[PDB]
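Given next, in structure tokens, is a single chain: the form solved without 1,2,3,4,5,6-hexahydroxy-cyclohexane (INS).
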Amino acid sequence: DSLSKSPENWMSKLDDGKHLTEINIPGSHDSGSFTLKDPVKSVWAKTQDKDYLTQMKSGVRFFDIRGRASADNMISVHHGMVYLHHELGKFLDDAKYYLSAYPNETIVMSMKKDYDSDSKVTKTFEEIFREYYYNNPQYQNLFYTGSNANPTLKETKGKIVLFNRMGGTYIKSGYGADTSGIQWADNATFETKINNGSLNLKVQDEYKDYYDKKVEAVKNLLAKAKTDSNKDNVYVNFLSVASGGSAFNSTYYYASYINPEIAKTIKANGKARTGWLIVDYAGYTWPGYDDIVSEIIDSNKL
């Protein structure tokens, strides 16, 4: 059986000497938005319909968590201004539960501030995450705390590895975990060195593209990863794209074309390096069309 037939424990089937950068990982864009039920606001603000545990059982291993500091000890999960009905502990609790059940998987968790803090807040978003989550005794043992800037599956499995979008941080473990953080370009394909030049991050995050330009941008970075065997290069390729507003195409509309187009491309490439591909409506299938999460999983060599 191919790896995608067992998406709950697909990492457990790989050689754990691989660096995570070398694994082809499916991620979900604005992971926590599955809570939204308002159909007007959902056109533009909603990007998933499966909850965190269901995304995990479906093979998603990179979670894009964007937040707003709602109290000096709390980060709320957001899509910009839009509150997603939960705080960050809910994601961490679900991740902890999953990684205990499937201990040979690793989760990569991106953390970004997506909106200004509540007026009562006195601490920076980075301070709050560092002191009330990362260093919270409650999450002892949950996070990758090692000092390798390019960690392997063996040393990260069972744990969450921080992918730091917060800017400079005093946290010392995970991608971008130094006082420079990651220099991220708005609406662009870009490359930037992270972890004190230890890694070359290559991102396609042109989130305001229209359809044909977005497919072009995804396939261009997909083609670069295919010929790049350098373990010190890390590829993050967002398939997700913004709606132009409620009267325009929904994010689901675009996902419904992009996901199968890119899934078709990957499958026709066979077992080639893709990088980490971040998608809307992860696990959403359309009869007759290739499933992007399954095809990213099956692209991994055994």
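Note that residue numbering begins at 1 and tracks the sequence as displayed.
Keep in mind the form solved in complex with 1,2,3,4,5,6-hexahydroxy-cyclohexane (INS) is missing from the figure; the text below concerns it.
Contact with 1,2,3,4,5,6-hexahydroxy-cyclohexane (INS) in the entry with it bound holds for none of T152, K226 and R273, as no heavy atom of theirs lies within 4.5 Å. A heavy atom within 4.5 Å of 1,2,3,4,5,6-hexahydroxy-cyclohexane (INS) in the entry with it bound is found for one listed residue only; from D178, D205, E87, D209, this is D205.
Out of the listed residues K159, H78, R130, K112, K112 is the one that sits within 4.5 Å of 1,2,3,4,5,6-hexahydroxy-cyclohexane (INS) in the entry with it bound by at least one heavy atom.
For the chain shown alone, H29 is a contact residue for 1,2,3,4,5,6-hexahydroxy-cyclohexane (INS) in the entry with it bound, at least one non-hydrogen atom being within 4.5 angstroms. None of the heavy atoms of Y97 is located within 4.5 Å of 1,2,3,4,5,6-hexahydroxy-cyclohexane (INS) in the entry with it bound. Heavy atoms of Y170 never reach within 4.5 Å of 1,2,3,4,5,6-hexahydroxy-cyclohexane (INS) in the entry with it bound, leaving it off the interface. In the entry with it bound, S240 approaches 1,2,3,4,5,6-hexahydroxy-cyclohexane (INS) with a heavy atom inside 4.5 Å. Taking 1,2,3,4,5,6-hexahydroxy-cyclohexane (INS) as positioned in the entry with it bound, the only residue of 52-76 that brings a heavy atom within 4.5 Å of it is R66.
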